[PDB]
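Heads up, the thing below is written out as C-alpha cells.
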Amino acid sequence: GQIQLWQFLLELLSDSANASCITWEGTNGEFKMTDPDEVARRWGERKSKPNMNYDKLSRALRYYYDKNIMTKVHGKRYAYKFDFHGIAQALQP
DNA sequence: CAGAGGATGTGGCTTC
DNA sequence: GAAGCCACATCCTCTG
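The deposited numbering applies: residue 279 is where the first sequence begins, and numbers increase by one.
See below:
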C-alpha cells in the first residue's frame, strides 16, 4: 500500500532479475513488458487485489497519457515510454 | 487477441 | 456525519 502504479514499474525495472518479466528497451524512457501477466499478477498482490490482469492494468496506464507521466510506443508490442515532463510534476509536493 | 477511451464505481483522505 | 477530490479498479463497445 501507500504507492502509485508508475512507481511500482520503476521498482521492478531497477532489479535486473525481473528482465524475464519487464526489461529496459534501449533509448532513455523506453521499456517493454516481456511477460505482461507476471507483471499484472504482482500488481494485484502489492495492491491486495487478486482479480488483476493486463486488461485493467493497461487501462490504468491509458490514464497516464493525459497526465504526461508515460506514453505508448506505437506499433511495438507491450512496450511503453516514461515521460519526464509529468514525472517531474508528480515528483513535487 | 491488442489498444483505445467513456462510464461507473471505489477505497482514500478531509472541510464545514 | 457529509461533501470534496484522487487514482486507481471494473466494465464495455468499438477498432486493427
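The beta-carbon is built from N, C-alpha and C at its ideal position, and this holds for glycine as well.
What is the DSSP secondary structure of residue 334, reduced to helix, strand or coil? By one-based count along the first sequence, residue 334 stands at place 56. Residue 334: helix per DSSP, three-state reduction.
When the Cβ atoms of the segment 320 to 329 are set against those of the segment 347 to 364, are three or more pairs found closer than 8 Å? no
I'd like to check one pair, residue 360 with residue 322: are the Cβ atoms closer than 7 Å? Numbered from 1 along the first sequence, position 44 holds the residue referred to as residue 322. Numbered from 1 along the first sequence, position 82 holds the residue referred to as residue 360. No; because the gap between Cβ atoms is not below 7 Å, this pair is not in contact.
Could you tell me which whole beta strand (DSSP E) segments of length 3 or greater appear in the segment 287 to 330? 308 to 310
Tell me where the beta strand (DSSP E) around residue 350 begins and ends. Taking the first sequence and counting its residues from 1, one reaches residue 350 at position 72. Segment 348 to 350, the beta strand (DSSP E) holding residue 350.
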